[PDB]
Amino acid sequence: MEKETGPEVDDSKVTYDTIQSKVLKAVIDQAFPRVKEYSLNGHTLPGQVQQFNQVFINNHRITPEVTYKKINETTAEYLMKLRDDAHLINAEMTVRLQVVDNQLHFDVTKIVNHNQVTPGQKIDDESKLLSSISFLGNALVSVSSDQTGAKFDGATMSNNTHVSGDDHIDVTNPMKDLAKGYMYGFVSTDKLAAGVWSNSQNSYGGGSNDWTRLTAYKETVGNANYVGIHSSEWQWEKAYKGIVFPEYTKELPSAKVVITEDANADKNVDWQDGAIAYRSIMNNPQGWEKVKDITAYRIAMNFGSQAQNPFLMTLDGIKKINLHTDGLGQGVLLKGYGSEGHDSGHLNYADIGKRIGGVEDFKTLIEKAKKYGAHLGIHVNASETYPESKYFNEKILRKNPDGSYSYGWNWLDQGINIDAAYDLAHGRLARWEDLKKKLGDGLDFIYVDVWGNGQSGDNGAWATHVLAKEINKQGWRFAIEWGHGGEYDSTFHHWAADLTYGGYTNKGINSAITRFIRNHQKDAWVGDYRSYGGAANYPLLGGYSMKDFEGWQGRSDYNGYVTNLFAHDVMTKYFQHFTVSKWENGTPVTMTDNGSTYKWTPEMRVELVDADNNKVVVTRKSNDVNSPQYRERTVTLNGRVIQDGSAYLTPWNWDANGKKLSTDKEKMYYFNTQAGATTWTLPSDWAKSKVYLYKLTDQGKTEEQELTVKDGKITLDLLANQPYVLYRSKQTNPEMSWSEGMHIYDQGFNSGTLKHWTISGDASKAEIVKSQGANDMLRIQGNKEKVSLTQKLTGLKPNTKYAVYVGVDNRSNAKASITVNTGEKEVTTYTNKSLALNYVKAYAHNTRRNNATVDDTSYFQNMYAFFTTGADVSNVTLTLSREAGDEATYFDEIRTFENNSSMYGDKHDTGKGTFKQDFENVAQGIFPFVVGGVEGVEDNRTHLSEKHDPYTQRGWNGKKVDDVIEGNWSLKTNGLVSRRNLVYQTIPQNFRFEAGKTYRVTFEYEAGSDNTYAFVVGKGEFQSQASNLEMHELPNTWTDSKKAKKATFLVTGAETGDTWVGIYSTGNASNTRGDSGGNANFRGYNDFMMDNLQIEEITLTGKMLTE
Ligand SMILES: CC(=O)N[C@H]1/C(=N/OC(=O)Nc2ccccc2)O[C@H](CO)[C@H](O)[C@@H]1O[C@@H]1O[C@H](CO)[C@H](O)[C@H](O)[C@H]1O
Ligand SMILES: [Ca+2]
Ligand SMILES: [Ca+2]
Ligand SMILES: [Ca+2]
């Protein structure tokens, strides 16, 4: 390429002024808000050297009519009149340039559109809107090829672990053309560096063209090439289908430059200096300060009406983690906080799940969690909804150009995508406000699922910023799913933090520049996941690795959750207590993974600092990618080694909420992923002290040991993959108030003792044991007389209807019971040997082998009693008991909660009389049924359907069957045809067909197809040697009827006491009547609904004897 030339600059007709602080001077044009050049400490950086007195308004070139006033020594103002009659532009904007020390601020301080526009109202011509303002062509700062050390460094979005988003370009003549959007951009010489920020929500496209708030441009002036950094286009008045968006969607344009000399004392001036300085001018995502102390993220899941994780139970998990981590902070995402659980009731943010304890128990959880530094978040959706939701309406639904619905997720029900732009223009904000009003203060984060994939239309930079602002205004921190989502406002990205998702192309932000700037503010990065290669092959800063134990994607591994916190997250979070100050890359390496062989340049040393001038240095032990030392680091703190390879001994000087610890609460954590002795030098303020070591378990600090300090050093030869904590004085474990608010002490058997139970009988026959999944359970076995355990139920309300259940898995034929005595009345329920395996994926005692109770299976099911308090609630007791037997009964979870069911002879309490279930007051689940094995262990596609006329009912969008037969609730199964398996069944603990007695079972049902579902009678454990079943295939209920049909069956209890009834998915094909896809799913061809179940004990007389 030949040396390049361009026009020289004739400034004979230009009048310049200067504005200046004590350190920075800017030469500015009086004709237009342009900076010609900057001076700081006798060094210079150009701005926009060649005048370009044009702006682009609505993508039309306009020569503004400008008037100027120098306001004061640092500040100048420009009034810019904008007129283009052909394009209906008639407006004016005011711009200020202001120097603040080493910063230059560019602000549009006022915009007036002389066209009539009313936010929230119709506009008849959208071209009358003043929708975009661009000052592209006027660089805010630049560097010239004639300057020594001239370089540009910029970041773009990459989520591919093989491909850095960063460009590093020497500014030379000749050089390659450059006209490109960037998220972050720096220019520098050997003397000065500059960074640029803008609030522009411009996009040039997806991928690396998105979040492009800056544009870099090469311009040749005379014999020199300049690379300048411009703000990209800003947005202003916008509409959707003629409806002008709310005023809050308009944010005045702003940009800033910062200019700096060496800022990290390396005696070199480069982008890193600019990046340090940039932290003073940048936006900061709201809530970022919390991130560094949220060490233990996870999800607690509810789904399908089951109430797997009631709000108050989540507090007990918080207490386990508080003990086991010795007080590290937590972040629990409540996926299924609303409606019937996860993926129910979307858009109605304020509909806090009633079956998990409602707003009252949510409020208690938020408040009580504060002292454990445990922050709660919720999962919401702003992209799709279901007929059941209050906010389902034709107007909000997304339609394709052809008029068809854009169908969304199908799982419990068939959802339809919403039009997010319509939503914004029609009151979305108020839905957040309603949640805030109902819930109150103290919620930490809103995680918006799906958003950023386009299901709801535009989910790009501008639309995301608007959404985030609505959430942030309520006091909530923003979190999103995708690695590429929410770059401006997010603090957490699920597919960055859960390293398993998506594979190597779909991870966190692969940018050294961006991570240097923002590592401490968000979990948005590339973590250690060797099989992805590139940046994910042992990042020096770590990166959040999220696992779970409360039901998300079936996850239940408590011990592995904790090991993972210490293996990845403790050091990741340690670094976030500092800001990056220096970043050094090594020589390129060659890697082969994921179907390619490629080059990657790794970081070899990263330094960080804090406001106390502590210095952390992280060094990769080798640049050789084929050496084990490539995947090892050293970490020093003020030169003292705190990590070396597999082991660390790291200080922690912050409480669970991030507050500075008192001196006597300062501690160190030890963790080593390998066996072997390690030796550590103590800091001077430990070297002469006594030192005590504790093994951390789910019981807190254990196995106290005083260490021998020799020559200021300690040596630790401890268990691999086991956390320990060290202190300078003896420590104890506090009272945890297990299960506070739940009316009973420790109902998950987490406290290591049964001493708070009153035990009647031989106490040696009751003990806490661990399941095959390491989950604690009460076990009674080997007893020749009854064994009972009793507690008072505390804190109840007088004259109030309650439910209580215990989870029970009985391997004995002996009676295992739950009994409540209110003082005035006693009620009891029992089970003999359990006969139904547990298929609920989000429940910790499902039958997946790794969750198994014993013998590789789980038959846990909730065993209920229903009672009513009297006037005095000072002596209400709960007793778990077991009659004599050699085999074991296992119990876990005793939940007592308000309930208004009337199942027993039209009365609430457990007792005699005709059994009825109208599904209107279900405590949880699908009682008296339990989900069967039709889908295996799954987020079962059977739940309690909620009415929303007309959308849930026959006729809407051609629906063939009602979701709800009577009242507000029914029992719905979505699409589980042709499975040759049991959809659900009663169990004796929930309804016992007594030996030799006959019952009339009646219900109303909808069925979309003939003989796809059957009513069945069985006994004992169902086996799909297949079990004998009495089979009654059911006809469709709509081709010859305007409503649900009534079914009636006689059932006699087997002498073995183990008779049950249920609904079975036959082998027959369903009939979608020529419909397909979403229409076929929506319309209910493949569905079954039940309501108004009655089971009446009868004596067969007269014509009953004929059938
Ligand atoms: C998918 C996922 O991990 N989470 C939820 C979700 N994410 O949005 C997507 O677009 N996901 C996606 C990922 C890969 C390929 C296609 C799509 O969206 C869903 C709602 O649209 C749903 O909530 C996803 O979670 C699943 O939820 C079901 C129950 O509805 C079930 O619990 C699954 O185990 C979850 O992964
Ligand atoms: Ca430097
Ligand atoms: Ca009903
Ligand atoms: Ca539903």
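Residues numbered from 1 in each chain as written, not as in the entry; some residues may be left out. Chains lettered and ligands numbered in written order. Heavy atoms only, no water. Residues with missing side-chain atoms left out of burial classes, pairs and counts.

Engineer: Teacher, can you tell me more about the UniProt feature "binding site: Ca(2+) 2" in the protein here?
Structural biologist: Sites flagged by UniProt as "binding site: Ca(2+) 2" map to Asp918, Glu920, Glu966, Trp969 and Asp1091. Within the secondary structure layout, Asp918 lies in the loop between β56 (915-917) and β57 (929-931). Once residues lying within four places of it in the same chain are set aside, the contact partners of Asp918 are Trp969, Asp1091 and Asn1092. In terms of polar contacts, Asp918 uses its side chain to reach the backbone amide nitrogen of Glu920, at 3.0 Å. (UniProt positions renumbered as here; feature names shortened; annotations may be inferred. Helix = DSSP H or I, 4+ residues; strand = E, 2+ residues; numbered from the N terminus. Contact = heavy atoms within 4.5 Å. Polar contact = N/O pair within 3.5 Å; in protein donor to acceptor, adjacent residues only side chain to side chain.)

Engineer: Would you mind showing me how to read the packing of helix α3 (residues 311-324) against helix α10 (residues 558-575) here?
Structural biologist: When two helices pack together, their arrangement is given by the angle between the helix axes and the distance between those axes. At a minimum axis separation of 12 Å, α3 and α10 run at an interaxial angle of 45 degrees. Judged by the angle between their axes, α3 and α10 are oblique. Handedness of the crossing formed by α3 with α10: right-handed. In this structure, α3 contributes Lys320, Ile321 and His324 to the contact, and α10 contributes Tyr558, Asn559, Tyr561, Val562 and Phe566. Looking at side-chain class alone, the contact of α3 with α10 contains five nonpolar, two polar and one charged residues. (Axes fitted to C-alpha atoms, helices over the stretch in contact; angles between N-to-C directions. Parallel < 35°, antiparallel > 145°, perpendicular 65-115°, else oblique. Left-handed = near helix turned anticlockwise from the far one by under 90°. Nonpolar A, V, L, I, M, F, W, Y, C, P; charged D, E, K, R; others polar.)

Engineer: How should the packing of aromatic side chains be read in this particular structure?
Structural biologist: Working definition: an aromatic ring pair is given by the centre-to-centre distance plus the angle between the planes. Going through the model one piece at a time under the given rule, you end up with 67 aromatic pairs. Here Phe929 and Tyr984 contribute two aromatic rings whose centre-to-centre distance is 4.8 Å and whose plane-to-plane angle is 55 degrees, an arrangement assigned as tilted. Of this pair, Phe929 sits in strand β57 while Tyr984 sits in strand β60 (residues 981-986), placing them 55 residues apart in sequence. Residue class for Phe929 comes out buried when judged on its relative accessible area of 4%. The buried category is assigned to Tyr984, whose relative accessible area is 0%. Just above the ring of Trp462 sits the side chain of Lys238; from NZ or CZ to the centre is 5.0 Å. In this arrangement the basic side chain of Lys320 is found over the ring face of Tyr558, its NZ or CZ atom lying 5.2 Å from the centre. (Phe/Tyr/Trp six-rings, centres within 6.5 Å; stacked < 30°, edge-to-face > 60°. Buried < 20%, exposed > 50% of the residue type's maximum accessible area, 1.4 Å probe, protein only. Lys NZ or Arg CZ within 6 Å of the ring centre and 35° of its normal.)

Engineer: Can you help me understand the coordination of the calcium ion (ligand 2) in this one?
Structural biologist: Octahedral metal centres with six donors ideally show angles of 90 or 180 degrees, and tetrahedral centres with four donors ideally show 109.5 degrees. The calcium ion (ligand 2) binds to the protein through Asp262 (OD), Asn264 (OD1), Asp266 (OD), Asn268 (O), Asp273 (OD) and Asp273 (OD), with metal-donor distances spanning 2.3 to 2.5 Å. Around the calcium ion (ligand 2), the six donor atoms sit at angles spanning 52 to 158 degrees, and that spread fits a shape best called irregular. Read N to C, the donor residues that coordinate the calcium ion (ligand 2) are spaced as D-x1-N-x1-D-x1-N-x4-D. Each member of the pair, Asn264 together with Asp266, is buried. (Donors = N, O, S within 2.8 Å, 3.2 Å for Na, K, Ca; no water. Tetrahedral: all angles 85-135°; square planar, octahedral: opposite > 155°, others 65-115°.)

Engineer: Which parts of the structure should I look at to understand a negative patch on the surface?
Structural biologist: Among the surface-exposed residues, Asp855, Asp856, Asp886 and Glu887 lie close enough to one another that they form a single negatively charged patch. Residue classification places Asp855 among the exposed residues on the basis of a relative accessible area of 61%. (Patch = residues over 30% accessible without salt bridge, like charges linked within 9 Å, V, L, I, M, F, W, Y side chains within 5 Å. Areas by Shrake-Rupley, 256 points an atom, 1.4 Å probe, with all protein chains shown as cover. Salt bridge = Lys/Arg side-chain N within 4 Å of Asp/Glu carboxyl O. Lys, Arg positive; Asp, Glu negative; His and termini not counted. Charge placed at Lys NZ, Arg CZ, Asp CG, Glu CD.)

Engineer: Just checking my understanding: could you explain the domain arrangement of the protein for this structure?
Structural biologist: When the parts of a complex come together, some accessible area is lost, and that lost area is often taken as the interface size. Domain boundaries in the protein define domain 1 (1-284), domain 2 (285-578), domain 3 (579-735), domain 4 (736-898) and domain 5 (899-1099). The distance between the C-alpha centroids of domain 1 and domain 2 comes to 34 Å. With 44 residues of domain 1 at the interface, the matching set in domain 2 holds 45 residues. In terms of surface lost to domain 2, no three residues of domain 1 exceed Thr161, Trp211 and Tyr248, which account for 20% of the buried area on that side. Summed over the shared surface of domain 1 and domain 2, the result is two salt bridges. Counting across the interface, domain 1 meets domain 2 through 31 residue pairs in polar contact. For the side of domain 1 that touches domain 2, the secondary structure elements donating two or more residues are β13 (151-155), β14 (166-170), β16 (184-188), β17 (193-198) and α1 (271-278). The leading source of residues in the side of domain 1 that touches domain 2 is α1, at five residues. Of the residues that constitute the side of domain 1 that touches domain 2, the class distribution is 18 nonpolar, 18 polar and eight charged. (Domains from an automatic or database assignment. Buried area = accessible area lost by both parts, 1.4 Å probe.)

Engineer: It is not clear to me how the pairing of strand β1 (residues 16-20) should be interpreted in this structure. Could you clarify?
Structural biologist: It is a general feature of regular strands that their side chains alternate between the two faces of the sheet. Of the two faces of β1, only the one carrying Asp17 and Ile19 is buried; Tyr16, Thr18 and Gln20 on the other face are not. Relative to strand β2 (residues 24-29), β1 runs antiparallel, the two being bridged by five bridges. Along β2, the bridge assignment pairs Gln20 with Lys25. Where β1 folds back onto β2 in an antiparallel hairpin, the turn is made up of three residues. (Pairing = 2+ DSSP bridges.)

Engineer: Where do I start with the pattern of salt bridges in this structure?
Structural biologist: A pair can form between side chains of opposite charge whenever their charged atoms are brought close. Counted under the stated rule, the structure contains 47 salt bridges. The closest approach of N and O atoms between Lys972 and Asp413, which form a salt bridge, is 2.7 Å. Remark: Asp413 occurs in the loop between β28 (407-410) and β29 (414-417) and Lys972 occurs in strand β59 (residues 969-973); sequence separation between them is 559 residues. The same class applies to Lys972 and to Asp413, which are both buried. Among the ionic pairs, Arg431 bridges to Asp423, the shortest N-O distance being 2.7 Å. Of the two residues, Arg431 and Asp423, both sit in the buried class. Linked through salt bridges whose partners overlap, the residues forming this network are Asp413, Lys959, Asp963 and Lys972.

Engineer: For this particular structure, what's the right way to read unusual backbone geometry?
Structural biologist: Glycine aside, residues mostly have negative phi angles, and peptide bonds mostly take the trans form. At the junction of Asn173 and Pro174, the peptide bond is cis and its omega measures out at 10 degrees in the coordinates. Positionally, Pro174 belongs in the loop between β14 and β15 (179-182). Between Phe927 and the following residue, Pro928, the backbone shows a cis peptide bond with an omega angle of 10 degrees. Topologically, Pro928 is positioned in the loop between β56 and β57. A positive phi is found at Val450, a non-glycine position, where the angle reads about 75 degrees. Summarising the element assignment, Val450 is placed in the loop between β30 (445-449) and α7 (461-473). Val450 sits in the buried class, given a relative accessible area of 7%. The phi angle at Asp711 is positive, at roughly 55 degrees, despite the residue not being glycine. Tracing the chain through its elements places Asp711 in the loop between β43 (700-706) and β44 (713-716).

Engineer: Where do I start with the sheet that holds strand β65 (residues 1059-1065) in this structure?
Structural biologist: Sheet strands associate in pairs through backbone hydrogen bonding, adopting either a parallel or an antiparallel arrangement. Across the sheet, which stays open at both edges, the five strands sit in the order β57-β60-β65-β62-β63 with antiparallel pairing between neighbours. With one partner strand each, in any of the chains shown, β57 and β63 (1030-1033) form the two edges of the open sheet. Neighbour to neighbour, the strand axes of the sheet diverge by 30 degrees on average, direction disregarded. Strand direction decides the pairing type here: strand β62 (residues 1013-1019) and β63, joined by four bridges, are antiparallel. In the strand pairing of β63, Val1016 is matched with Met1031.

Engineer: In this structure, what is going on with the coordination of the calcium ion (ligand 4)? I would like to understand it.
Structural biologist: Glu388 (OE), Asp413 (OD) and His943 (NE2) make up the full set of protein donors to the calcium ion (ligand 4), lying at 2.1 to 2.2 Å. The sequence pattern describing where the donors of the calcium ion (ligand 4) fall on their chain is E-x24-D-x529-H. Taken as a pair, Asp413 in the loop between β28 and β29 and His943 in strand β58 (residues 942-946) lie far apart in primary sequence, 530 residues in all. Pair check on accessibility: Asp413 and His943 agree, each one buried.

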